[PDB]
Amino acid sequence: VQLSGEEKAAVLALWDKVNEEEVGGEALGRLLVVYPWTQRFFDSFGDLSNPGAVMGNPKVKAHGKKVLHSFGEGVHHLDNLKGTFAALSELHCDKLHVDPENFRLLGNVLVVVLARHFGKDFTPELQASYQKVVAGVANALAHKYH
Amino acid sequence: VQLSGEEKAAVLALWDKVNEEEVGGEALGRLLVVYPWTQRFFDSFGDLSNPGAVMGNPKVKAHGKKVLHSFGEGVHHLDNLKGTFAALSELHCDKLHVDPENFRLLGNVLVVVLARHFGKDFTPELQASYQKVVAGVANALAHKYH
Amino acid sequence: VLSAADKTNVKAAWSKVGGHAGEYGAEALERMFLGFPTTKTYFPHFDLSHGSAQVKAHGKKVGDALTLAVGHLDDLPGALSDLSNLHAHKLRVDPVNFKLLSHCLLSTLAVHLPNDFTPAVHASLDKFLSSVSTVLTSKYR
Amino acid sequence: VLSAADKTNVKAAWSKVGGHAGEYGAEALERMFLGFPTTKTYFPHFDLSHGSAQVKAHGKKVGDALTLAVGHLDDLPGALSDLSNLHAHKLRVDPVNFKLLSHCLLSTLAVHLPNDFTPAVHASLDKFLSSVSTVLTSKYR
Ligand code: HEM
Ligand code: HEM
Ligand code: HEM
Ligand code: HEM
């Protein structure tokens, strides 16, 4: 799902300034807090009682980083999203049994976070690009479902 | 999205006894009544004020029949859902601008209706088959979206 | 968000269900376990086999809770306050699973009361069910 | 379904917004019109150009309605009863569009109050917004 020539140039231009370890760790924590039912898939991470326990949890900072790294592998191969997420699809579908509506959520939170971090440089136009460059990842991940 | 060898045989075996004109006319009417915001796409059909005006409306009985015929064309070509709905996809997406969550709805209502009609022969196992043979049509229709 | 005539529709529709509520919640459950397998996740300790006396058992639990809410529509938050804690605080069930059981419940009723399941009763029951789905998933603590 | 501490979070979070509510609803709108084009459908009579004085105008309409609901959380159905009729009875807006404007609204706040937009305030505002989205789309008539 290609955005455009000019758009795309600006999309990869932002990802360079993206600080993985922090952006991804706040995105997962934000998801566990706002939509508390997803906490159920991460019991082995330990204590997630309140927002303080969750943000400061090490496993969450760790795992959050890997999820963020996975997005980057998508922000680049925009042309092959359905083969770049082929295996992950199989893990989240038949193995973990996660509902696809959650891929959605994490996607938008990842965006609400990119907003808080880059401020006025995250222009409504840029946000528009990311909104698709996110929705595509959400769809690839649900493909190898049936 | 193939179901199975034994399943499939039973799926086509039910569609033979399906009475198009009525099954499809009650399915559209049911949708306009339960989720009243879809009424917005059919203003040229006339009066849809209440459930009585809608069920007895001619355009709804007519159009409902065509939608039902379209499903059948899916219940058969289960192997080529994304090429069998290729054009419809283009109509409902960039032309009409219908949200994909509605394809979902009409799908389940089509099922709630098949239940009321065939009673105890619509076994939970059969319903399970139809639940996918419906979800696939819903997905094909959203494919040529982006 | 239940209107005046939605209430009446509900109270009356559930009187036709009568004493099969238990039976129906059991069959509505079985339909969900086969059509949406992702749900067998919240039930690892159960016997999900077709004639399971555990499902029949739970079904009853479910049907009864509903008949309970039908008698207290003017304050569902007050009457289900405990089931809300169980499903939102303890079990942490995904709210999308609620739309599925509701759908399977409505499919059962169509099979058993084809003549009472009028379009208007369909619209009310769907909304009533949604109210119940909203309460049970709200952590107001 | 708003808890006790969700209410406090909301009342306090909206006091920090202060008098920019108008400004924010305008920018939240602009973000939606560019990211989710399917929405320009409900606005054919408007000038959707970037500096549109029509959007700035409507934005205000929207921001004010919100500040209105913040002062009546204990009965949103009573205070928005007219907006509920306009968006559900007359305009017949698809409810999925509500999740979008809410999301764009939350994106705006992050850009302008990066230090007050704490995760806990995020969870409350999201719920508060959902309550409002539910009211405006319910035909209780
Ligand atoms: C839609 C975006 C998502 C992406 C890109 C994504 C990506 C990933 C990645 C990269 C891994 C690690 C695989 C490995 O280490 O071999 C993973 C694991 C996992 N994901 Fe996701 N995920 C997403 C959403 C979700 C959601 C919403 C849930 C929550 C229900 C979920 C639950 C899990 C769990 C529990 C694991 C196992 C972690 C472990 O034990 O190593 N994922 N995901
Ligand atoms: C997901 C299942 C659906 C299927 C299989 C389907 C199929 C069709 C078919 C076969 C046609 C006729 C095309 C022709 O005559 O050339 C059509 C037209 C149309 N559909 Fe759908 N449709 C579906 C859902 C929807 C939904 C949920 C909406 C409501 C928002 C919608 C709105 C329309 C409209 C307004 C037309 C134009 C009718 C006319 O003026 O001829 N469809 N659809
Ligand atoms: C209208 C919807 C629902 C109602 C009326 C309802 C009602 C109930 C009741 C009455 C109980 C507790 C009875 C007791 O204390 O023994 C219960 C337990 C349970 N429910 Fe629900 N429930 C609903 C939907 C769901 C959904 C959507 C799920 C998830 C798919 C779910 C999962 C469970 C689980 C796992 C238990 C505990 C079983 C056990 O350990 O014994 N429920 N439910
Ligand atoms: C929090 C959500 C929303 C609030 C607070 C809200 C509030 C308002 C208010 C106050 C008005 C009427 C003002 C007047 O009487 O002049 C209005 C009008 C309108 N709203 Fe919204 N609205 C919301 C969401 C939406 C959504 C999601 C859509 C659809 C994308 C929408 C579409 C419209 C339209 C088309 C009008 C009429 C414009 C005109 O003809 O002047 N609104 N809204």
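Residues numbered from 1 in each chain as written, not as in the entry; some residues may be left out. Chains lettered and ligands numbered in written order. Heavy atoms only, no water. Residues with missing side-chain atoms left out of burial classes, pairs and counts.

The PDB entry annotates chain C as Hemoglobin alpha chains of Equus caballus. What the PDB entry is called, per its title line, is "HORSE METHEMOGLOBIN LOW SALT, PH 7.0". Per its UniProt entry, chain C bears the Subunit comment "Heterotetramer of two alpha chains and two beta chains." (UniProt positions renumbered as here; feature names shortened; annotations may be inferred.)

The PDB entry lists chain A under the name Hemoglobin beta chain, with Equus caballus as the source organism. The Function field of the UniProt record for chain A holds the comment "Involved in oxygen transport from the lung to the various peripheral tissues." Turning to chain A, the UniProt annotation filed under Subunit states: "Heterotetramer of two alpha chains and two beta chains."

Draft legend 1. Local environment of the site of ligand 3. Residues and elements named next belong to chain C. All residues in the neighbourhood of ligand 3 are listed as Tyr42, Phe43, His45, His58, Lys61, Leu86, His87, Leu91, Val93, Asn97, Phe98 and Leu101. Between ligand 3 and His87, the relevant distance is 2.8 Å, taken from a nitrogen atom to a side-chain nitrogen or oxygen of the residue. Looking at the shell around ligand 3, the elements that each hand over two or more residues are α3 (53-70), α5 (81-90) and α6 (96-112). Top contributing element to the shell around ligand 3 by residue count: α6, with three residues. Across the shell around ligand 3, the residue classes tally to seven nonpolar, four polar and one charged. (Near = heavy atom within 4 Å. Polar contact = N/O pair within 3.5 Å; in protein donor to acceptor, adjacent residues only side chain to side chain. Helix = DSSP H or I, 4+ residues; strand = E, 2+ residues; numbered from the N terminus. Nonpolar A, V, L, I, M, F, W, Y, C, P; charged D, E, K, R; others polar.)

Draft legend 2. Representation of the packing of aromatic side chains in the model. All told, the structure shown has 10 aromatic pairs over all chains when counted by the stated rule. Between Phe122 of chain A and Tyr130 of chain A the ring centres are 6.2 Å apart and the planes differ by 45°, which places this aromatic pair in the tilted class. Given a relative accessible area of 1%, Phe122 of chain A falls into the buried group. Given a relative accessible area of 4%, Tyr130 of chain A falls into the buried group. Members of the aromatic cluster, joined through ring pairs, are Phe33, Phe43 and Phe46 of chain C. The ring of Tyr42 of chain C has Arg40 of chain A lying over it, and the distance from NZ or CZ to the ring centre is 4.1 Å. (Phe/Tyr/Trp six-rings, centres within 6.5 Å; stacked < 30°, edge-to-face > 60°. Buried < 20%, exposed > 50% of the residue type's maximum accessible area, 1.4 Å probe, protein only. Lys NZ or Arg CZ within 6 Å of the ring centre and 35° of its normal.)

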